[PDB]
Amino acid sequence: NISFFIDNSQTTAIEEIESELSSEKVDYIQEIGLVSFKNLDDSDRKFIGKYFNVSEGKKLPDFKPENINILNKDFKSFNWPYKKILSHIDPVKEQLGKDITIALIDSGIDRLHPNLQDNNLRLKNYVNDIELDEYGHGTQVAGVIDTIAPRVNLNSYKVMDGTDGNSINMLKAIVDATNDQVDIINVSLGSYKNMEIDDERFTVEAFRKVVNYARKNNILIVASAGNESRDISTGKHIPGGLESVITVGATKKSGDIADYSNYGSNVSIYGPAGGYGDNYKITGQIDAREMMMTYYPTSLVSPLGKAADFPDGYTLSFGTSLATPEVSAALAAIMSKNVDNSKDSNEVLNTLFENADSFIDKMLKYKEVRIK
């Protein structure tokens, strides 16, 4: 792709280009003055070239993923992350998340999952006409949300088929979710690559603009810190780690930062999201008890879920992608309790941090999400 920022003085140029080129070659985001072109031929480049300098176009990066009651004691080996953050709260009794809408910008969601029939699911697909959650990631994220804040509404923004997506679709989905009036945007996806530095400056600015657009509309964005076991504050991971993003790392069952989790001063908060266990680095084996139970598409087979004797629709997983929705659900719980005593997003955000508990990693001090 080649991407440009378009000034308000140049909007007629984009109109003329959109009229000339096939719609599937042009993605224009009015709200942030961004256009991105793909699959161009020589004729298309020549036409664009009479308004912009094609050689100055920047490349936006690709990104990657980062009745049964999970809270039942049948799953005590695997539901430990939820018990840690909920303590004794019964999310169903408290109707947590009622009338709050979370955008899941992810791989889609299994609309047939038996536990996702009460979330007023709304689906949008940016990539194809396949209505499935093709590889299961968005459904895993939705399961974390639904376990903690079961009464939320879910808007799914499917921005990837398989495991590699184009960031233009993530940017579009953030703006579309804002325009859809969601309350919280969850992004359990990220890019972190030795980008060419000018492409990276461009991409960081594009994300600053979409994040600011959401925040100005009083919407909080929660994003994964990533799973590279890196300090993302030493120079960019995108969007987790950027200004104005609530960036979520993962802790493992011992309470320490998980072996894969990114960390650093631009990671806002952590949530328990499990992992393979301490013996994995030695034997290559996964300790299922160190993993986290969540949903999985009924259209797929989970090997660890089957080995744990789960019904279809459930898996054992890990990742900052699972800690992120714990925070989105925490925010939704704060918001659902403030219907008649309205708090704005700034105050909700500060409440999230006040409610978190501090921990020391095996040696800095960090915050871990708690539901109240």
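Note that residue numbering follows the sequence shown and begins at 1.
Gap between residue 362 and residue 363: 1 to 3 deposited residues without coordinates. The deposited sequence places 4 to 9 unmodelled residues between residue 66 and residue 67.
If you average the C-alpha B-factors over 71-79 and over 181-189, the higher value belongs to 71-79.
Judged by mean Cα B factor in the deposited record, 11-19 ranks above the other of 350-358 and 11-19. Out of 102, 197, 175, 292, the entry records its largest CA B-factor for 197. You'll see in the entry that, of 314, 52, 318, 28, the Cα B factor peaks at 52. In this PDB entry, the Cα temperature factor of residue 331 sits in the bottom third of its chain's modelled residues, the lowest group. Ranked by Cα temperature factor within the chain, residue 303 sits in the middle third according to the deposited record. Residue-level temperature factors show residue 284 in the highest third of its chain, judged at the C-alpha atom. Among all modelled residues in this chain, the alpha-carbon of residue 164 has a temperature factor (C-alpha) in the highest third. For residue 372, the recorded CA B-factor ranks within the highest third of the chain. Only modelled residues enter the ranking.
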